[PDB]
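*Asks:* please work out how this folds:
(2 chains, ligands or ions: 1)
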Protein chains: 2
Amino acid sequence: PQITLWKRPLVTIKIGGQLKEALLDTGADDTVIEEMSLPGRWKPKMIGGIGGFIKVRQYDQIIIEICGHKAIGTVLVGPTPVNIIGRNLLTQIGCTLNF
Amino acid sequence: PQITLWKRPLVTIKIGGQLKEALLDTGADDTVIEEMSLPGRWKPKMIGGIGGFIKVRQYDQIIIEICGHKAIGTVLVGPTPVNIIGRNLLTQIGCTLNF
Ligand SMILES: Cc1ccccc1CNC(=O)[C@H]1N(C(=O)[C@@H](O)[C@H](Cc2ccccc2)NC(=O)c2cccc(O)c2C)CSC1(C)C
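*Replies:* Numbers count the residues shown, from 1 in each chain, chains lettered A, B, ... in the order given. Shown next is the protein structure:
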């Protein structure tokens, strides 16, 4: 698909058995999702940007489905204002910027 | 061009006659640049990032070149992690996400 940037590029994703709306973010190195239950062990971590930092929990080898494409990678869970799909997963679905 | 996301999508921009490195950020609604001198009057603007909301200075109709592509638009100036090229300018230069 070709997504324009007139509005926020929000897509529907499936993670941990639930559906969520998330933002395709080329500025995010990783993927951070609002509080939810995920399998496996996790490690504390801090991520920061505009406005400062927030603490999140890092879960690895998490499967996610975005627009029909299944990808696997690290997923951070914490008090993010918006669910964000970062580069670590964008690469997996063959997402690129074009102009 | 077509930019992959295995590494941060960093580009060289030109603003105020000076070259600077910036991030093509589809998760940012606006373009935020590190402290510098822009002409004209500015107005207040609050933007919400990963860590919360912050106050920045909004300058309109600012000449800026992105990887050789000339543009003229709104540039926000404030405490940012990196120079962020947001959707307002990404759209102007005809940038889209593809997969
Ligand atoms: C988001 C994330 C996920 C995983 C690991 C680290 C991080 C932290 N990275 C970051 O925060 C990076 N940012 C990003 O990835 C941005 O796309 C960011 C995403 C976002 C959207 C809505 C709520 C909260 C965050 N957007 C904004 O900061 C943003 C949002 C709205 C208007 C605006 O003018 C801006 C600059 C811009 S600064 C940054 C290049 C460091």
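*Asks:* nearest spatial neighbour of whichever residue of chain A sits closest to the ligand, chain-adjacent residues omitted?
*Replies:* Taking C-beta to the nearest ligand atom, the ligand has its nearest neighbour within chain A at residue A:49, 2.3 Å off. Every C-beta, even on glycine, is put in place using the N, C-alpha and C of the backbone. In space, and not counting its chain neighbours, residue A:49 is closest to residue B:50: 4.2 Å by C-beta to C-beta, 6 or more residues apart in numbering or on different chains.
*Asks:* let me see the contact set for the closest residue in space to residue A:40 that isn't next to it in sequence.
*Replies:* Of all residues not flanking residue A:40 in the chain, residue A:59 sits nearest, at 5.6 Å (C-beta to C-beta, 6+ apart). Counting by C-beta atoms under 8 Å, 6 or more residues apart in numbering or on different chains, residue A:59 touches A:38, A:39, A:40, A:41, A:42, A:74, A:75, A:76, A:77.
*Asks:* ok, now which ones touch the third one?
*Replies:* Applying C-beta under 8 Å, 6+ apart, we find residue A:40 in contact with A:59, A:60, A:61, A:62.
*Asks:* who wins on neighbours among the residues you listed?
*Replies:* Using other C-beta atoms under 10 Å in any protein chain shown as the neighbour criterion, residue A:62 leads those with 21 neighbours.
*Asks:* what about the nearest residue to it once chain neighbours are set aside, which helix or strand?
*Replies:* Excluding the flanking residues, the one nearest residue A:62 by C-beta to C-beta, 6+ apart is residue A:75, at 4.1 Å. Assigned by DSSP states H and E, residue A:75 belongs to strand A:69-77.
*Asks:* so which elements touch that strand?
*Replies:* strand A:32-33, strand A:42-49, strand A:52-66, helix A:87-90 (3 or more C-beta pairs under 8 Å, 6 or more residues apart in numbering or on different chains; DSSP states H and E).
*Asks:* please consider this matter closed, and thank you.
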